[PDB]
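These notes concern the structure reproduced below.
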Amino acid sequence: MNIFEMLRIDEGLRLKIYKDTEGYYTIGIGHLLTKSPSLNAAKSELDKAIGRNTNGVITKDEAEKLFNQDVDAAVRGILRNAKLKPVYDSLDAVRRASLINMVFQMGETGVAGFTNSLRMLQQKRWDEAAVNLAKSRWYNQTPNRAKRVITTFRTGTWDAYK
Ligand SMILES: [Cl-]
Ligand SMILES: [Cl-]
């Protein structure tokens, strides 16, 4: 199991524009297109991301390409972030995947906002971090996915994904 397979389970794969859990236009494996209500604004963003006139549909290869870019970007954003980087550097391989998953989902800014949980993870206080991570809108809005990520942080294994 790895970050790609992990995010593929959490995000699914859809080849046609769809609305995410927050009602935003998305495509492929969790690739956010726009927060605008406009479907035309989303098709425009899509064509721009793909480099062709897609009329709202993409192929599996195209979805996987956006996916590879988004994972790369999540990692690079963590490494560039003064608050995230030290956490990431401190974690083992499995838990690092957990942090990438959160950044992919809610953005670098959003994760960097989990001040107390980050401090707990850096200190390796797994049980405490798990409790603090759950007191969040994130957990309350997408509980099943949040629990899988939190269990991964707590145990350092991929059990929640098997
Ligand atoms: Cl893009
Ligand atoms: Cl969920």
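Fewest first, what order do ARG125, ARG137 take by the number of other Cβ atoms within 10 Å?
Starting with the residue having the fewest Cβ neighbours, the order is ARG137, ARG125.
What is the fewest-to-most order of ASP61, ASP10 by other Cβ atoms lying within 10 Å of their Cβ?
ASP61, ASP10
Taking K and R as +1 and D and E as -1, what net charge do the other residues with C-beta under 11 Å from the C-beta of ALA129 add up to? Intermediate results must be reported in sequence, preceding the final value.
Details: positive: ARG95, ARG119, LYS124, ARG125, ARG154; negative: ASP127, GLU128.
Computed value for this residue: +3.
Under 14 Å between alpha carbons: how many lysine pairs meet that in the chain, if sequence neighbours fewer than 8 apart on the same chain are excluded? Before the final figure, lay out the partial values.
Numbers: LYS16/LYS43; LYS16/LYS60; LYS19/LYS35; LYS19/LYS43; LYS35/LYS43; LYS48/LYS65; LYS135/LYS147; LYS147/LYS162.
The result is 8.
What net charge is computed for the residues neighbouring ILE58, neighbours being all others with C-beta under 13 Å from the C-beta of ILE58, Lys and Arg scored +1, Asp and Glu -1?
Values: positive: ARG14, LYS16, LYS43, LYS48, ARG52, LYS60, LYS65; negative: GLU45, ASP47, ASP61, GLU62, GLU64.
Result for the neighbourhood of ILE58: +2.
How would you rank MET1, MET106, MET6, going from fewest to most other Cβ atoms within 10 Å of each one's own Cβ? Before the final figure, lay out each step's value.
Working: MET1 14, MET106 17, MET6 22.
Ranking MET1, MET106, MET6 by Cβ neighbours within 10 Å, fewest first, gives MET1, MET106, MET6.
Positions of Cβ are backbone-derived with ideal geometry, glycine not excepted, and every protein chain shown enters the neighbour counts. Values in this text are rule-based calculations from the coordinates and carry no lab data.
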